[PDB]
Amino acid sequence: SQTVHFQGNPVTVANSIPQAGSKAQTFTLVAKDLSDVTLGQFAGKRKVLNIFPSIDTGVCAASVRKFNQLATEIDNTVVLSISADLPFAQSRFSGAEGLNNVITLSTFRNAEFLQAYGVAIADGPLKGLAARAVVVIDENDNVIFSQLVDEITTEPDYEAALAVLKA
């Protein structure tokens, strides 16, 4: 169990976000066309999981775009923008500014992902949503960076997260 903050209140987050060195667990999440997508179909690539409570709450489009562009400019990298938003809402966010290698995935029917990756908000009003977090997974499916953002509405340390992909 972890504690982050929202609206000046403690928020319980289940289990533990994997620390660098951890084997990244398998998952299935849902793509914009409602097909199932697995961690395993990104074999060989490094993966940046940008995880949000929602893409309709608290997030600025232009911020997320800029990170997405910096991330996908790094060699052999895919960004997985993950939230409990249905796929239809994640597609409004991504409108017609989808760059290469930025892939939206929903946890709406794969809640076990949030447990496994230690991002399941367990209480308060955001209960059932993903906490704000960034997990970077290497080409061998080992986590090489993670941040569970302590204040849920603030921005993750995107710089530290990408620095790891240079090495």
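In case it trips you up, residue 1 is the first one in the sequence shown, and so on.
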If you average the CA temperature factors as listed in the entry, which stretch comes out higher, 66-74 or 111-119? 66-74
Selected stretch [higher average CA B-factor]: 75-83 or 93-101: 93-101
Looking at the C-alpha B-factor values in the deposited entry, which of 39, 34, 51, 60 comes out highest? 60
Residue 15 - which third its CA temperature factor falls in, relative to the rest of the chain: highest
Divide the modelled residues of the chain into thirds by Cα B-factor and specify which third, lowest, middle or highest, holds residue 24. lowest
